[PDB]
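Reading through the structure tokens given below for one structure.
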Amino acid sequence: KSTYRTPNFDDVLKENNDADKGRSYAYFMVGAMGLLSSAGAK
Amino acid sequence: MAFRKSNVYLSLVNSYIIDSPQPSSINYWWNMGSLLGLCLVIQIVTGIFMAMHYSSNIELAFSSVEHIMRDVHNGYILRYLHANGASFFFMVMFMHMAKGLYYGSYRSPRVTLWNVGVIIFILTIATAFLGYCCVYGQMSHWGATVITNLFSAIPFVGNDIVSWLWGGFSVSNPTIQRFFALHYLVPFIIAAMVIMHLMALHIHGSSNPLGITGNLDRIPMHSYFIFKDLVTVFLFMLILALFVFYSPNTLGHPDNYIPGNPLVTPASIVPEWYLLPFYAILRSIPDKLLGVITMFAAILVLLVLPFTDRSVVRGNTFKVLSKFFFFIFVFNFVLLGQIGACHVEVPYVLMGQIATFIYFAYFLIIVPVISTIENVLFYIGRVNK
Amino acid sequence: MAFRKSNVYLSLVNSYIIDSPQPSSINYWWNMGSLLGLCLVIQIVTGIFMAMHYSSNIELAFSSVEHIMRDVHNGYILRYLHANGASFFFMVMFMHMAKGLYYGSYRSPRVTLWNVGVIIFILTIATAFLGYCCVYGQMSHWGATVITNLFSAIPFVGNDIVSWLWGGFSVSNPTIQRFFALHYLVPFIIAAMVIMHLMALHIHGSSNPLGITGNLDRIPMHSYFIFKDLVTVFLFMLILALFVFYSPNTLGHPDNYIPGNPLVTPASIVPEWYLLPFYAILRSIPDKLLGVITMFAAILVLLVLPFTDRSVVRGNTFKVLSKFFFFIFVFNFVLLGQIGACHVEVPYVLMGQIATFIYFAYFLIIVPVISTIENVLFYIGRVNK
Amino acid sequence: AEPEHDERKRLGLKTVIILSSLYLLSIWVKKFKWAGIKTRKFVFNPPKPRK
Amino acid sequence: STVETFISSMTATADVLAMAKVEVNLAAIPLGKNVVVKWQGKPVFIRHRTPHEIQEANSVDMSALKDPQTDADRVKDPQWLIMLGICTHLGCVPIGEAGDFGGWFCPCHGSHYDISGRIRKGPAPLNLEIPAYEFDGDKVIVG
Amino acid sequence: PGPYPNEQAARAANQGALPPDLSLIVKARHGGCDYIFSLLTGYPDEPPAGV
Amino acid sequence: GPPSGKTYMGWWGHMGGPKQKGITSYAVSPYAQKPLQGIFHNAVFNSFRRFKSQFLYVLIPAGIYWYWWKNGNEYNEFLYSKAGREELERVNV
Amino acid sequence: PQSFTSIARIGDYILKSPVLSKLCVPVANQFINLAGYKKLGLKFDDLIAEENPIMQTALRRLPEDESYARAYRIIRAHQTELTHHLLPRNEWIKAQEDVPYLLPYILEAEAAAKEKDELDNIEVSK
Amino acid sequence: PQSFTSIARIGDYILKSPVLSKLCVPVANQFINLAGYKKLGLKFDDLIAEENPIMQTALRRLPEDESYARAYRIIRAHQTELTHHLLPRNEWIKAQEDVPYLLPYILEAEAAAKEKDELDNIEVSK
Ligand SMILES: CCCCCCCCCCCCCCCCCC(=O)O[C@@H](COC(=O)CCCCCCCCCCCCCCC)COP(=O)(O)OC[C@H](O)CO
Ligand code: HEM
Ligand code: HEM
Ligand code: HEM
Ligand code: HEM
Ligand code: HEM
Ligand SMILES: COc1c(O)c(C)c(C/C=C(\C)CC/C=C(\C)CC/C=C(/C)CC/C=C(\C)CC/C=C(\C)CCC=C(C)C)c(O)c1OC
Ligand SMILES: COc1c(O)c(C)c(C/C=C(\C)CC/C=C(\C)CC/C=C(\C)CC/C=C(\C)CC/C=C(/C)CCC=C(C)C)c(O)c1OC
Ligand code: FES
């Protein structure tokens, strides 16, 4: 096998969307994390 | 040269925080050292607040501590944070030393770092005692007098040096005032020497749990290790909150809470939990000056620990006898602490002396010989021709 | 490579202290900065040694310095050296700023140095005013009240910040405790920013009296400029010792050696000599917040000087009349301070506005027109067609 | 001996709640942004024999 | 010279260099109770030794003690035990009326002292200090 | 306040030692809340035989 | 700026490690993954496997020193109980 | 930090007028030779600053002889100022010796920089 | 730090002694294959420290193939340990594949450096 034959990654891949689904979730959670950190610091 | 790295002030942060090539095999043991540094600076800042709201005169020292305890908003929290932070500081220092010793990080690349750390420990145990003196209870000044009598064991002079250090044959305002001032000052030397420690670290890099070269792969510390540090310090802060709020005065001993009265000592007098093994090493050897020098030898043996381990393979993960004896060593250390906690009678003295003997014999003898056996076994087993 | 440059601490010491390609036309003015740094260091050391035997209590503050004078060995030395060193630090600091201004040290490669220096100036305005407020003498309470009530004119917030500063709704134990705490702490901030200042300078290097490039001939710092620094600091130590030992009541004012009692006090209340330039200007424009905003203007004019003048030739040594106007300004500065020393009355009150107007006018309107005129005169003189 | 037990316990409950939330949050984010580095795979192809 | 001046400024001042004096009455001390009085920065033992305890104090074998010290040397009155509250062992005063010897029990240690205060076991190769005092009639001035 | 002026009237009337300040006795001894209860409850009216 | 001292590791581009060729990596964005795809399998199977692997070097010294401490405790308790007037005198000699 | 082109414009405006030139040229000469830099023996095209990029672009194009003479004069000035003295009345530079040599490089380089700055931010030309 | 020549001397002493070698070789190989580095796909030479200058000299003489294989093994070990996993019995180093490919260079370099430092500080005594 050469470099072009990419090894399988199906074990961790998810639904074939690759869109704002994960992005919005992650951004919203980090926004909440900033909320909690700011509240604690204040 | 972008703005982050072209500007010298931002370039200094860039080389340390924004971008620094740590290896990718780091366990959860190095963020423990970063946690050590951060809890150290937390102790410094709460000490600054205390010094802002503290008075050191004998007529008001206990008055000041009870006023900051009771008659000020968010006051008792400061004292509880001081106690728990000191306890966690020594616990994390012991964990840092154990990680350094087990993974073979005292070897040639960072010997200078090892001595810097050793002297940090040598003087921070001193500053911990000095802070313990500042309480001025029925046992704090008591242990302070104990340590002064210990230091009075210098040969060829006994009176002039102890009188100069202890401010005369009595205790008055200058003695406690200078003790508080020096407990305030020594942590600044801690900070400077820690700056030196980090400089040496950044110059020489970091080791790996595998005990092998780490230059093959590296990753920036920011955006990868900053959040690991954040999660480990969040765990530490949760634990500290549990021990500061629900059960604040548990790690400490219920003896400090007595007004200044060096008349009748309490029935139970023991050192703080981070000093019991050294009290044991003092108690074992039946001599005063020789006991002091053997305490200092036990403290400083880490200096002679390098260039004594002739194991060719760095670390202790792949060697079984060495790590077995290392676990024997750490359990001997905890046993020494536990036996120092209790009183001195038969048959505790015999096994305490045996424990000190196996401690020093471990360091000075067993690791060289078992490491030589490990190397010769490594050579013989592989070669079958 | 030699071991002196090999060891990291030794390499840093060599590259920052022992070896430094300083210019070959350095006069005593440049050694004045190192002299001031040494004065700052000795001031910190003597202050630390003073506070060790000091009590932070409100009623035991004046009593503390009294006890130092009358009971502790060589008590007078520490406080006299502290006060005279502070005054000399401020005078040499004015000298350093003037030397930087006259020789055109504010050009493009040193704008960061100018900014950090002016920030040090801003903080240094109050780091000793609050130290004087600490002593609680017969005008110290007045100075504390002035500084705590200058900020009350801010709209929609006039009571919350002054209440935070007061530690309550008036002047009590929290005020003096906070004053002592900050007067102790913020010199460490001075240390931080002066480390930054030296870092920037060592990155960019010093300048020349001529105003041309100094990258032609250089000599190492050690064994060449160490001797100049040594002779300058010897002269400074000689004069400082002579004043402190022979004329104690020369630099300081005999007003603070009286316990705080707003019952009987003379009308000869005037701040320390180094406040007068930034004190007479405050009494010119007759409003409350106007004084604060014009202090802001008088401390920002030192910042607006970069990219304000149009002198393509660095410095004032080789300009026909600009040095004359600089001398006009320095004498106006001295006269403004001296007239601020005098009380308000005709025509001194009338002199205040004109003195402030000239003080600001040199900064604002004089420099650009004089620089443009000088440049065009050079251009017409050099060429014939 | 301790005239702050009620206030101490209330503040401690709030603190343990907020730190538990922050700790779980940090767990998720660390497992998130380390996912791209904890799964990368290496393949070794021996080079051609010519220095 | 500068270092010496700074050190002398740091060292003990005038007021601490003055020693305090106190007098303790021996009439009210119970026979079976221990009285400890502070003198000039350190405590001082005042115990009414029983006649039986005097015999035990003066009948201690010298070979078992690293420092030879008899009962008559450390005190003038056999009945009254007047000793400074210091422990050259570490510095912490042994607990009274405890120990295997029937004397004192050093709390930081657990080592047992005799009724005469001499060292028995431990890293202390030196006996406890002996102060100086004078009699004045019905009282003793510890100083 | 207290009946004694500062401390003098205490040691004179106690027929022995001094009364420790109760403001901190809760933490002045090992155990804690139950320690004082046990100390004030468990003592019999008659000492053990032979003592 | 003079060059620093000779050290095996340096900055990006000059790690100092051996020159290598033939190594190929394969990363993929964390956005196109399940961040906790295998947390349970890890925390059960791998945790138990690591515990079993380390179960041959840790518990033995703890057990032997626990026995030593317990034996000392039993000796201490037995000495000061119905033996202190006849057995404790012949051990303090 | 002031542009050379504006100074050149003012000079061109003032010199060509007969009355202004005949009234202000000798006073300019006496100011410039009372300034002090001619006293030490330095050409006027060396006193200006050398840290802005315009100067760096300018004397990077300077011929070898001028650069060598500039270096010699600079080091001699440094040594003389360190010595606290003045050169003798034989090795100075006269009025004719102080010929402007660094002007055209400044003019060209600064014109190029100005057109760069005013052309990068050009508008749509409504 | 421990000279490899002494290790070779002790090894040859053991290997030709019948009874002691027969007693100590089975426990030796059992210790080797219980050490655990075999599972991680590590050869022994990849484990010994490579910091002090003599080891660097030994490394610099390795043929490129061995250095490439060593780099790959280090990288794979780092990646495998990062996930706390172990690849199944396919990458496991076989019993006889753990041959020292780096011993001869180490021995030669040890001998050369030792005799160099011995003859450098030498006396002319008979
Ligand atoms: C009865 C106790 C209840 C406690 C409830 C609060 C804590 C909940 C913790 C999360 C739910 C439990 C899930 C099952 C155990 C997970 C353990 C584990 O290993 O999972 C991850 C653990 O996640 C962490 O990062 C944990 C950091 C541990 C910090 C140091 C150890 C401290 C003790 C941890 C357990 C106790 C925590 C609470 C203590 C009060 C994976 O480790 P990693 O993210 O470092 O990845 C390594 C590798 O990929 C393995 O897959
Ligand atoms: C890492 C450094 C430090 C450690 C380990 C440490 C440790 C301690 C300890 C164990 C105590 C006893 C308090 C208790 O038992 O309740 C104490 C008290 C004290 N410390 Fe520190 N300390 C440190 C730094 C500081 C600093 C920087 C200050 C600055 C002023 C300071 C000021 C005090 C004060 C004022 C007290 C007495 C207040 C009290 O009793 O509540 N300490 N310290
Ligand atoms: C007490 C204050 C200390 C601080 C803030 C500190 C900080 C650090 C830091 C940041 C590191 C880099 C790895 C990590 O983050 O843990 C480190 C590593 C190290 N420290 Fe410390 N340290 C301290 C004390 C000590 C002491 C007392 C020793 C003495 C035994 C020591 C020995 C080491 C060693 C051997 C390493 C090597 C770890 C690696 O391989 O990178 N340190 N320390
Ligand atoms: C380097 C910056 C400092 C300056 C300019 C300064 C200035 C002064 C002045 C002027 C006085 C007496 C007020 C008067 O006579 O006019 C004073 C007093 C004093 N200073 Fe400072 N000081 C500085 C730093 C420090 C530091 C670092 C300490 C550290 C402990 C300190 C401690 C004291 C003490 C104890 C006094 C005695 C009177 C008082 O309580 O204010 N000073 N300082
Ligand atoms: C009072 C605290 C200060 C300290 C300790 C300090 C320290 C120093 C030092 C050590 C130097 C090196 C002198 C030389 O190059 O030989 C220096 C130079 C300089 N400082 Fe400061 N400085 C201070 C305040 C200031 C202030 C307020 C400014 C003005 C805003 C300033 C502006 C400069 C300049 C322009 C130079 C360069 C002088 C030259 O190259 O000709 N400094 N300073
Ligand atoms: C009214 C009920 C009383 C209560 C609740 C009480 C409570 C206590 C407590 C808690 C202690 C310390 C216990 C410990 O060691 O932790 C104590 C000791 C003491 N009490 Fe009381 N007490 C009471 C009555 C008295 C009375 C009437 C006297 C006599 C006037 C007295 C004199 C003393 C003395 C002298 C001590 C110290 C004993 C020692 O130092 O050996 N008490 N008491
Ligand atoms: C090995 O890889 C690394 C690594 O390379 C680095 C650099 C770090 C970073 C190192 C640290 C975070 C530890 C460094 C520790 C310090 C710098 C201690 C700081 C000490 C101080 C005393 C802080 C100084 C701050 C002050 C003096 C200001 C405090 C004063 C205040 C707030 C005054 C308050 C008063 C008022 C009125 C507001 C790591 O954590 C790390 O591991 C991942
Ligand atoms: C760039 O070229 C340079 C240049 O290289 C240098 C070095 C200087 C000189 C600069 C300085 C002298 C400033 C440096 C000053 C500091 C860095 C201050 C730092 C010092 C402290 C913060 C305090 C010092 C701390 C101690 C002395 C600790 C000891 C004190 C005590 C109280 C402990 C002793 C007590 C007992 C009981 C032993 C220049 O001026 C300069 O420009 C020409
Ligand atoms: S301190 Fe005296 S026996 Fe322990």
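Ligands are numbered from 1 in the order shown, chains are lettered A, B, ... in the order of the structure tokens, and residues start at 1 in each chain.
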
Exercise. How would you write, as a list in words, the set of residues in range 26-99 of chain E that DSSP gives as strand (DSSP E)?
Worked result: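 Reading the DSSP output for range 26-99 of chain E, strand (DSSP E) covers residues 34, 35, 36, 37, 38, 39, 42, 43, 44, 45, 46, 47, 48, 80, 81, 82, 83, 84, 95 and 96 of chain E.
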
Problem set entry | Nearest candidate to ligand 7 (options C:192, C:383, C:292, C:304; using only C-alpha atoms and all ligand atoms) |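 Closest to ligand 7 of all the choices is C:192.
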
Contact table chain C vs ligand 7, cut-off 9 Å, shortest pair per residue, only C-alpha atoms and all ligand atoms, as a Markdown table:
| residue | atom | partner | partner_atom_place_in_ligand_line | distance |
| --- | --- | --- | --- | --- |
| C:178 | CA | ligand 7 | 37 (C) | 8.8 |
| C:182 | CA | ligand 7 | 37 (C) | 7.3 |
| C:185 | CA | ligand 7 | 33 (C) | 7.6 |
| C:186 | CA | ligand 7 | 33 (C) | 8.1 |
| C:188 | CA | ligand 7 | 27 (C) | 7.2 |
| C:189 | CA | ligand 7 | 27 (C) | 7.3 |
| C:192 | CA | ligand 7 | 27 (C) | 8.6 |

Problem set entry | Per-residue DSSP, chain A, filtered to helix (DSSP H, G or I), as a VMD selection string | chain A and resid 20 to 41

Residues just named, written with C-alpha atoms as a compact mmCIF listing (two decimals), in the first residue's frame:
# COMPACT_ATOMS: atom_id res chain seq x y z
CA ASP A 20 -22.69 23.32 11.62
CA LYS A 21 -23.89 20.33 13.69
CA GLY A 22 -20.60 19.81 15.52
CA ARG A 23 -19.43 23.40 15.10
CA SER A 24 -22.49 24.95 16.76
CA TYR A 25 -22.41 22.40 19.59
CA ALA A 26 -18.74 23.02 20.36
CA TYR A 27 -19.04 26.81 20.09
CA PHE A 28 -22.09 26.85 22.38
CA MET A 29 -20.35 24.70 24.97
CA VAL A 30 -17.20 26.86 25.00
CA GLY A 31 -19.42 29.92 25.27
CA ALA A 32 -21.00 28.36 28.35
CA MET A 33 -17.52 27.56 29.69
CA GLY A 34 -16.53 31.20 29.28
CA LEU A 35 -19.77 32.14 31.04
CA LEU A 36 -18.95 29.99 34.06
CA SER A 37 -15.29 31.03 34.20
CA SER A 38 -16.22 34.72 33.99
CA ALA A 39 -18.86 34.32 36.71
CA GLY A 40 -16.37 32.60 39.00
CA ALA A 41 -13.65 35.16 38.35

For this session: List all protein, DNA and RNA residues that have any atom at most 10 Å from ligand 6, counting only C-alpha atoms and all ligand atoms, and write the list as a list in words.
Result: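 If we count only C-alpha atoms and all ligand atoms, the neighbours of ligand 6 turn out to be residues 264 of chain B; 9, 10, 11, 12, 13, 14, 15, 16, 17, 18, 19, 20, 21, 22, 23, 24, 25, 26, 27, 28, 29, 30, 32, 35, 36, 37, 39 and 40 of chain F.
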
Exercise. Do you know which residues are at most 12 Å from residue 2 in chain E counting only C-alpha atoms, after dropping those on the same chain fewer than 5 positions away, and could you put them as a PyMOL selection string?
Worked result: (chain C and resi 46+74+77-78) or (chain E and resi 7-9)

Convert the current residue selection to file output with N, CA, C and O atoms, as a PDB file, in the first residue's frame.
ATOM      1  N   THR C  46      17.071  49.328  52.210  1.00  0.00           N
ATOM      2  CA  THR C  46      16.957  50.013  53.492  1.00  0.00           C
ATOM      3  C   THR C  46      15.506  50.107  53.947  1.00  0.00           C
ATOM      4  O   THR C  46      15.238  50.047  55.150  1.00  0.00           O
ATOM      5  N   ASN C  74      21.641  52.010  65.888  1.00  0.00           N
ATOM      6  CA  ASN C  74      21.767  52.703  64.603  1.00  0.00           C
ATOM      7  C   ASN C  74      20.409  52.879  63.927  1.00  0.00           C
ATOM      8  O   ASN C  74      20.273  52.725  62.712  1.00  0.00           O
ATOM      9  N   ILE C  77      20.032  55.808  61.242  1.00  0.00           N
ATOM     10  CA  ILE C  77      20.687  55.623  59.950  1.00  0.00           C
ATOM     11  C   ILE C  77      19.679  55.171  58.904  1.00  0.00           C
ATOM     12  O   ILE C  77      19.624  55.715  57.794  1.00  0.00           O
ATOM     13  N   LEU C  78      18.858  54.179  59.250  1.00  0.00           N
ATOM     14  CA  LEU C  78      17.951  53.589  58.271  1.00  0.00           C
ATOM     15  C   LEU C  78      16.962  54.619  57.742  1.00  0.00           C
ATOM     16  O   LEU C  78      16.816  54.785  56.526  1.00  0.00           O
TER      17      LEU C  78
ATOM     18  N   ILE E   7      23.635  44.218  60.479  1.00  0.00           N
ATOM     19  CA  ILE E   7      23.382  43.114  61.400  1.00  0.00           C
ATOM     20  C   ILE E   7      23.113  43.639  62.805  1.00  0.00           C
ATOM     21  O   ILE E   7      22.180  43.190  63.482  1.00  0.00           O
ATOM     22  N   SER E   8      23.920  44.600  63.263  1.00  0.00           N
ATOM     23  CA  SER E   8      23.713  45.167  64.591  1.00  0.00           C
ATOM     24  C   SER E   8      22.390  45.916  64.682  1.00  0.00           C
ATOM     25  O   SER E   8      21.794  45.989  65.762  1.00  0.00           O
ATOM     26  N   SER E   9      21.924  46.491  63.573  1.00  0.00           N
ATOM     27  CA  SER E   9      20.580  47.057  63.553  1.00  0.00           C
ATOM     28  C   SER E   9      19.525  45.962  63.657  1.00  0.00           C
ATOM     29  O   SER E   9      18.485  46.152  64.298  1.00  0.00           O
TER      30      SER E   9
END

Exercise. Quick one: which residues from chain G are at most 9 Å off chain A, using only C-alpha atoms, as a ChimeraX atom specification?
Worked result: /G:24,26,28,31-38

Residues from last step as file, N, CA, C and O atoms, as a PDB file, in the first residue's frame:
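The resulting file, out-v2.pdb, is reproduced below:
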ATOM      1  N   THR G  24       4.937   8.644   7.367  1.00  0.00           N
ATOM      2  CA  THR G  24       3.738   9.319   6.888  1.00  0.00           C
ATOM      3  C   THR G  24       2.709   9.358   8.005  1.00  0.00           C
ATOM      4  O   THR G  24       2.434   8.332   8.632  1.00  0.00           O
ATOM      5  N   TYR G  26      -1.305  10.682   9.373  1.00  0.00           N
ATOM      6  CA  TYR G  26      -2.676  10.780   8.867  1.00  0.00           C
ATOM      7  C   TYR G  26      -3.541  11.341   9.995  1.00  0.00           C
ATOM      8  O   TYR G  26      -4.046  10.593  10.836  1.00  0.00           O
ATOM      9  N   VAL G  28      -6.902  13.948  11.200  1.00  0.00           N
ATOM     10  CA  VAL G  28      -8.238  14.315  10.750  1.00  0.00           C
ATOM     11  C   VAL G  28      -8.846  15.209  11.819  1.00  0.00           C
ATOM     12  O   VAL G  28      -8.540  15.074  13.006  1.00  0.00           O
ATOM     13  N   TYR G  31     -13.570  17.920  14.546  1.00  0.00           N
ATOM     14  CA  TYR G  31     -14.965  18.213  14.238  1.00  0.00           C
ATOM     15  C   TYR G  31     -15.643  17.026  13.566  1.00  0.00           C
ATOM     16  O   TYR G  31     -16.824  16.758  13.813  1.00  0.00           O
ATOM     17  N   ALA G  32     -14.919  16.307  12.714  1.00  0.00           N
ATOM     18  CA  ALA G  32     -15.468  15.128  12.045  1.00  0.00           C
ATOM     19  C   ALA G  32     -15.169  13.847  12.819  1.00  0.00           C
ATOM     20  O   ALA G  32     -14.689  12.861  12.263  1.00  0.00           O
ATOM     21  N   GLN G  33     -15.476  13.853  14.116  1.00  0.00           N
ATOM     22  CA  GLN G  33     -15.304  12.685  14.971  1.00  0.00           C
ATOM     23  C   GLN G  33     -16.308  12.740  16.109  1.00  0.00           C
ATOM     24  O   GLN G  33     -16.956  13.762  16.347  1.00  0.00           O
ATOM     25  N   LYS G  34     -16.419  11.614  16.816  1.00  0.00           N
ATOM     26  CA  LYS G  34     -17.115  11.570  18.090  1.00  0.00           C
ATOM     27  C   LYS G  34     -16.100  11.768  19.202  1.00  0.00           C
ATOM     28  O   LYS G  34     -15.221  10.911  19.383  1.00  0.00           O
ATOM     29  N   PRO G  35     -16.170  12.867  19.957  1.00  0.00           N
ATOM     30  CA  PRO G  35     -15.120  13.143  20.956  1.00  0.00           C
ATOM     31  C   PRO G  35     -15.011  12.097  22.054  1.00  0.00           C
ATOM     32  O   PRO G  35     -13.926  11.933  22.628  1.00  0.00           O
ATOM     33  N   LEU G  36     -16.093  11.390  22.376  1.00  0.00           N
ATOM     34  CA  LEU G  36     -16.039  10.337  23.384  1.00  0.00           C
ATOM     35  C   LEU G  36     -16.427   9.001  22.774  1.00  0.00           C
ATOM     36  O   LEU G  36     -17.258   8.281  23.331  1.00  0.00           O
ATOM     37  N   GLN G  37     -15.840   8.669  21.625  1.00  0.00           N
ATOM     38  CA  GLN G  37     -16.253   7.475  20.898  1.00  0.00           C
ATOM     39  C   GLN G  37     -16.064   6.211  21.730  1.00  0.00           C
ATOM     40  O   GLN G  37     -16.901   5.303  21.686  1.00  0.00           O
ATOM     41  N   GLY G  38     -14.972   6.126  22.487  1.00  0.00           N
ATOM     42  CA  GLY G  38     -14.667   4.909  23.216  1.00  0.00           C
ATOM     43  C   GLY G  38     -14.312   5.076  24.681  1.00  0.00           C
ATOM     44  O   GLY G  38     -13.411   4.389  25.174  1.00  0.00           O
TER      45      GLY G  38
END

Could you give me, as a tab-separated table, every chain C residue with an atom at most 8 Å from ligand 8, plus its closest atom pair and distance in Å to one decimal, counting only C-alpha atoms and all ligand atoms, rows ordered by chain then number?
residue	atom	partner	partner_atom_place_in_ligand_line	distance
C:15	CA	ligand 8	5 (O)	7.9
C:16	CA	ligand 8	5 (O)	4.6
C:17	CA	ligand 8	5 (O)	3.8
C:18	CA	ligand 8	5 (O)	7.1
C:19	CA	ligand 8	5 (O)	7.7
C:20	CA	ligand 8	2 (O)	6.4
C:22	CA	ligand 8	2 (O)	7.6
C:30	CA	ligand 8	43 (C)	6.9
C:31	CA	ligand 8	43 (C)	6.5
C:33	CA	ligand 8	40 (O)	5.9
C:34	CA	ligand 8	40 (O)	3.6
C:35	CA	ligand 8	40 (O)	7.3
C:37	CA	ligand 8	13 (C)	4.9
C:38	CA	ligand 8	12 (C)	5.3
C:40	CA	ligand 8	18 (C)	7.8
C:41	CA	ligand 8	18 (C)	5.5
C:44	CA	ligand 8	23 (C)	6.9
C:45	CA	ligand 8	32 (C)	6.2
C:48	CA	ligand 8	32 (C)	6.7
C:49	CA	ligand 8	32 (C)	6.9
C:188	CA	ligand 8	22 (C)	7.4
C:191	CA	ligand 8	22 (C)	6.3
C:194	CA	ligand 8	13 (C)	8.0
C:195	CA	ligand 8	17 (C)	6.4
C:198	CA	ligand 8	1 (C)	6.1
C:199	CA	ligand 8	1 (C)	7.7
C:201	CA	ligand 8	1 (C)	6.3
C:202	CA	ligand 8	1 (C)	4.8
C:205	CA	ligand 8	1 (C)	7.2
C:206	CA	ligand 8	43 (C)	7.9
C:221	CA	ligand 8	5 (O)	7.3

Exercise. How would you write, as a VMD selection string, the set of residues no farther than 7 Å from ligand 2 when counting only C-alpha atoms and all ligand atoms?
Worked result: chain B and resid 40 43 to 45 47 to 48 50 to 51 54 65 79 to 80 82 to 83 86 89 128 131 to 132 134 to 135 183 to 184 187 252 256

For this session: Could the residues that lie within 9 Å of ligand 1, counting only C-alpha atoms and all ligand atoms, be listed as a VMD selection string?
Result: (chain B and resid 27 to 29 228 231 to 232 235 238 to 239) or (chain D and resid 20 23 to 24 26 to 28 30 to 31 34 to 35 38) or (chain G and resid 38 to 44 46 to 47) or (chain I and resid 82 to 85)
